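Just the one chain here, laid out as structure tokens, in the form deposited in one PDB entry.
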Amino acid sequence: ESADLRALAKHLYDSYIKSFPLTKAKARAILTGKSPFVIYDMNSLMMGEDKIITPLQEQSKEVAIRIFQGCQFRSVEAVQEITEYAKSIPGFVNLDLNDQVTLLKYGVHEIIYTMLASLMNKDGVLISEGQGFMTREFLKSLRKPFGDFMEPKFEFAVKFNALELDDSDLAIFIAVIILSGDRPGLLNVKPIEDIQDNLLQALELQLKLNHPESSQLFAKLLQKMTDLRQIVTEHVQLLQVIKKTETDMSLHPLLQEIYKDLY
């Protein structure tokens, strides 16, 4: 029933609003003008780092290393809030715990990038809960291989943002991503597909109601999941070049655990 689906949509949204201080609405409100300092080069980064506690040993490290060490902090927090949102998805806590961990290891960064897109435009990304703006070309200018981390997230975000989703849309779309039945190592595929198919109905209903003059938005949205797997795939391959060139780069053990036996 359309009444059941709108209930599921509403449930996911209320749960999404509860778990994620980063919302498209707030991000868009900052990019609309409804103030942030701009890091566009080395000089402006140093000025800006002050205006956004880390040990002195970590502070004395290379700029490139420091930028990706610090994003890690918001990253692991995202993985925790994403994990809690997952549990609030009907049926998920009833999956086998091995399958719960597997969907979540494969899914968290696709969601992180989906939510990250709200903060990017074709020129830069809102940082520090919207207080700052770091440019895409300055990220590209970082020492190799660091200059290559972010550029494929920008290319996705420009296209993902062109669809003008609401948070109420994204609440369902990210639930769909977590409950993907074809992740490697899933024991019970069909209970997972059982929930997702029902989530794909909610998402379809939600797009027809929220985007009535856009007939194939659903199709475009579902394809972006291919973009996200490719961005994770690329991102992980880059982490190993970072294990071979960089050593002092302090990876976070939860990120280590997620990136084990993955793609």
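Whichever C-alpha set is largest while still superposing within 1.5 Å between the two forms counts as the rigid core. Note that residue numbering follows the sequence shown and begins at 1.
In what follows, reference is made to the form solved in complex with a partner chain, a form of this protein that is not presented.
- Heavy atom distance at most 4.5 Å to its partner chain in the entry with it bound, all of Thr83, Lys87 and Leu104: The answer is yes; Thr83, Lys87 and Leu104 each reach its partner chain.
- Message: Although the partner isn't part of this model, could you tell me whether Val108 comes within 4.5 Å of its partner chain in the entry with it bound, counting any heavy atom of the residue?
- Response: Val108: yes, in contact with its partner chain in the entry with it bound.
- Query: Can any non-hydrogen atom of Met115 be found within 4.5 angstroms of its partner chain in the entry with it bound?
  - Reply: No, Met115 sits far enough from its partner chain in the entry with it bound that none of its heavy atoms falls within 4.5 Å.
- Query: With the cut-off set at 4.5 Å between non-hydrogen atoms, does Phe138 touch its partner chain in the entry with it bound?
  - Reply: Output for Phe138 is no: heavy atoms all beyond 4.5 Å of its partner chain.
- Applying a 4.5 Å heavy atom distance criterion, does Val79 contact its partner chain in the entry with it bound? Heavy-atom contact with its partner chain at 4.5 Å: present for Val79.
- Item | Sole residue of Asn161, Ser168, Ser128, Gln100 within 4.5 Å of its partner chain in the entry with it bound, by heavy atom | That would be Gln100.
- Proximity to its partner chain in the entry with it bound, single hit among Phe154, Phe92, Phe133, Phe146 (heavy atom within 4.5 Å): Contact with its partner chain in the entry with it bound is made by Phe92 alone.
- Query: Comparing between this form and the one not shown on the rigid core, is the C-alpha shift at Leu251 2 Å or larger?
  - Reply: It does shift by 2 Å or more.
- Message: Could you check, with the core superposed, whether the Cα atom of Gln72 shifts 2 Å or more between this form and the one not shown?
- Response: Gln72 C-alpha, core-superposed: shift of 2 Å or more.
- Is the C-alpha displacement of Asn43 equal to or greater than 2 Å between this form and the one not shown once the rigid core has been superposed? Yes, its C-alpha moves 2 Å or more.
- Message: Flagged pair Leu254/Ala27: C-alpha distance shifts by 3 angstroms or more in the entry with it bound. Which direction, closer or farther?
- Response: Result: closer.
- Did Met249 and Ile112 drift closer or farther in the entry with it bound, going by a CA distance change of 3 angstroms or more? Result: farther.
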